[PDB]
There are 2 protein chains.
Amino acid sequence: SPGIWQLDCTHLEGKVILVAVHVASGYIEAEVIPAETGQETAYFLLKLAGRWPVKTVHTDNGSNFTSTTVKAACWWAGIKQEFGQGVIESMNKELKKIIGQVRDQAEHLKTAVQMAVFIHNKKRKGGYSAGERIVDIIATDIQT
Amino acid sequence: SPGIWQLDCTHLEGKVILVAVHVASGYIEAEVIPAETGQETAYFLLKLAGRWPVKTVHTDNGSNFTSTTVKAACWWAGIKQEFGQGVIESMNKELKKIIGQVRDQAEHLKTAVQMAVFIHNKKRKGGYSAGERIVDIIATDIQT
Ligand SMILES: c1ccc([As+](c2ccccc2)(c2ccccc2)c2ccccc2)cc1
Ligand SMILES: c1ccc([As+](c2ccccc2)(c2ccccc2)c2ccccc2)cc1
Ligand SMILES: [Cl-]
Ligand SMILES: [Cl-]
């Protein structure tokens, strides 16, 4: 299902990392956020939905989606919560693994996170990359 | 040329808006940044290059790309500066136009910017939208 995304937060170095995964492809979008709050979640959701066709979002922490600010962002962008596993578990530990490997390539964690996203999305696995798969899935979906 | 992006900053309400446009499609990515600095430009460049295949970036303010931090981000991500107009002028005023129209739909400007990106990218112009065009262009490019 091409419009389904998974969104969670993880923690590293006293900071919070919001990680979104496009389920059908394994492509990730991530941001280091200053605090685990509804405001940050809502702003990220609105940003993502303007960049990719987001129809439903799943999470492993349902409480992350209860705040008025998150519900208003889902309302405006027309997102609904996905009510129904292997891919997502493998992308987050793999993201932390890649972060660990490039941590010394930047001063700040936020920089290393985006180096990790870049490596993850371009890594051919075979054997296309997640980046190649999301664009194929969406482009195929557009054309009927 | 599918890997070319244009990046500039604009100003509204005492704030700075970084606007990136994928030249061949008119798709936009934008962020309200706290300051017009090399650090913010570099972080945005690294983020963008992990999400789309960025080969060259053009700007209407060449000085925006001279800081060690921006050059290091371009080095790491393998981006080069594009050395060689209608589309970009039409997207920024159009973004400010859409922002003006939704400004009262959110408290903060940063929220309205991302509502404006969302509307812009989904607007069918015919007659596909910029979002549809970038995915078609990239997916076509991948497959030879
Ligand atoms: C490999 C080696 C060095 C960096 As550099 C850097 C800065 C502090 C500690 C360790 C590495 C870097 C550039 C941009 C953003 C984050 C880190 C770096 C290396 C050479 C010239 C400029 C910057 C990246 C990859
Ligand atoms: C993010 C930014 C704005 C809203 As609204 C609102 C509009 C004007 C000033 C302040 C907030 C909102 C409406 C209803 C319930 C919750 C939030 C909003 C109102 C009307 C149209 C679009 C958005 C929601 C989420
Ligand atoms: Cl850094
Ligand atoms: Cl707001």
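Computed from heavy atoms alone, side chains included, the values below leave out hydrogens, waters and symmetry copies. Read the numbers this way: they start at 1 and go in the same order the structure lists the ligands and their atoms. Per chain, numbering begins at 1; letters A, B, ... match sequence-line order.
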Exercise. Numbering the atoms of ligand 2 from 1, which are under 4.0 Å from a heavy atom of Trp75(A)?
Worked result: 21 (C), 22 (C), 23 (C)

Problem set entry | Expected output: side-chain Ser1(B) to main-chain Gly3(B) donor-acceptor under 3.5 Å | no

For this session: Show your working on side-chain hydrogen bond (donor to acceptor under 3.5 Å, both in side chains) between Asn121(A) and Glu29(A) and close with a plain yes or no.
Result: CA-CA 9 Å; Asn121(A) 284 337; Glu29(A) 294 240 15; over 6 Å; no

Exercise. What atoms of ligand 2 come within less than 4.0 Å of a heavy atom belonging to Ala72(A)?
Worked result: 16 (C), 17 (C), 24 (C), 25 (C)

Problem set entry | Nearest neighbour of atom 9 (C) of ligand 2 from the list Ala73(A), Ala112(B), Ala106(B), on a heavy-atom basis | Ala106(B)

Exercise. Going by distance alone, is a donor N or O of one side chain under 3.5 Å from an acceptor N or O of the other, for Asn61(B) and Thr59(B)?
Worked result: no

For this session: Look at the side chain of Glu36(A) and the backbone N and O of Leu18(A), then say whether any donor-acceptor pair between them is shorter than 3.5 Å.
Result: no

Exercise. Which residues satisfy the salt bridge (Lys or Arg N to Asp or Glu O under 4.0 Å) test with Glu40(B), sequence neighbours excluded?
Worked result: none

Exercise. Against heavy atoms of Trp76(A), which atoms of ligand 2 measure under 4.0 Å?
Worked result: 22 (C)

Exercise. Under 4.0 Å from any heavy atom of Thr111(B), which atoms of ligand 2 are there?
Worked result: 1 (C), 2 (C)

